[PDB]
């Protein structure tokens, strides 16, 4: 089998992407944030604290004939950005882009943090990291991909995120029309539950390529590109007036600037992030200080190839027995 679904930016900055997901019988369609950096499929629901719901579409398991309480199971998750959610668990039929899994753990939120409440466009998350990170207790649950894997034509999914435009998540096949040149595959470590890999280096603008190993995670659920402070400083040094602001929370630059591109290595291949992709616009409405899309990972504890990087590429998440990551230009 295969599945194919369009993913759409939630706003004019590509702060995140939502993908429609069918849950239950009859189908209840919720717009979920597909997140290769976590492993829980959780939704706003009829169980969510009323004051913590503000415009989201909810899953109501009592209206689904295929929903079953997973008795005794609870979940609780905190994300790298300080947000969190928790609740209980149902199993139900879940379909993405025509690909159906029966008996998927659908984690029903009883509580969500303010960041989720405040984002009316995201109805929940669909995790696509390794199932070892799933937070369901006392019986850990599998991701949608893990459950679908055996039935897929090939044990893969691909992310093709757009810049200020819709893109595509495919499950079970590689669309050879969706990229240019060849796909370069690179090793993955699953030791921390992430799609963790090692970039071979970087370049700033038209500058020379610096060969250096940068371990990090391919994370569709993180907006920006987080790299070692040395790398990030080298980038922003090429932008007149750019500086790290403790008050704002990272590198800012004059909105009048033209940003240089940033290149990262994948084996002997190169992925070029155009300068425009690195612009996250005014820090507040009407400001002439703009927020940068490349930020330091210092104090995160891990480098993160988030949407800023991934959207510059066609990305293959290869879930074969020995997993790998593939990157192509597009």
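Numbers for the structure displayed
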read-out: Count of residues meeting criterion [part of a strand (DSSP E or B) and within 14 Å of residue 56 (Cα to Cα)] in segment 111-126; value: 4
read-out: Hits in segment 8-17 - residues which are part of a strand (DSSP E or B) and buried (at least 20 other Cβ atoms within 10 Å of the Cβ); value: 9, 17
read-out: Segments classed as strands (runs of 3 or more DSSP E), wholly inside segment 276-328, with at least 3 members that are free of Cβ contacts under 8 Å to residues at least 60 places away in the same chain and touching a strand residue (DSSP E or B) at 6+ places or on another chain (Cβ under 7 Å); value: 289-292
read-out: Number of the condition not met by residue 314 [criteria: (1) surrounded by 15 or more Cβ atoms within 10 Å (Cβ to Cβ); (2) within 25 Å of residue 208 (Cβ to Cβ); (3) out of contact with any helix residue (DSSP H, G or I) (no Cβ under 8 Å at 6 or more places or on another chain)]; value: (2)
read-out: All positions within segment 253-275 that are touching a helix residue (DSSP H, G or I) at 6+ places or on another chain (Cβ under 9 Å) and in a strand (DSSP E or B); value: 253, 262, 264, 271, 273
read-out: Index of the failed condition, residue 139 passing every other in (1) outside any loop (DSSP other than H, G, I, E, B); (2) assigned by CATH to the domain that holds residue 31; (3) surrounded by fewer than 21 Cβ atoms within 10 Å (Cβ to Cβ); value: (1)
read-out: Among (1) under 30 Å from residue 131 (Cβ atoms); (2) under 17 Å from the mean Cα position of the chain (by Cα), the one test that residue 264 misses; value: (2)
read-out: Among residues of segment 255-264, those that are touching a strand residue (DSSP E or B) at 6+ places or on another chain (Cβ under 7 Å) and farther than 16 Å from residue 308 by Cβ, counted; value: 1
read-out: Residue in segment 152-165 that is exposed (fewer than 14 other Cβ atoms within 10 Å of the Cβ), over 30 Å from residue 258 (Cα atoms) and free of Cβ contacts under 8 Å to residues at least 24 places away in the same chain present; value: no
read-out: Residue 92 being assigned by CATH to the domain that holds residue 42, more than 16 Å from the chain's Cα centre (by Cα) and assigned to a helix (DSSP H, G or I); value: no
read-out: Options 148, 129: the member that is in contact (Cβ under 8 Å) with a residue 40 or more places away in the chain and outside any helix (DSSP H, G or I); value: 129
read-out: Leading residue by the ranking (surrounded by the most Cβ atoms within 10 Å (Cβ to Cβ)) among those in segment 54-86 that are more than 22 Å from the chain's Cα centre (by Cα) and part of a strand (DSSP E or B); value: 70
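Numbers and lists here come from the model and the stated rules, or from a named source; these are not laboratory values. So basically every Cβ, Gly included, is an ideal-geometry build from the backbone, and we count neighbours across all protein chains shown.
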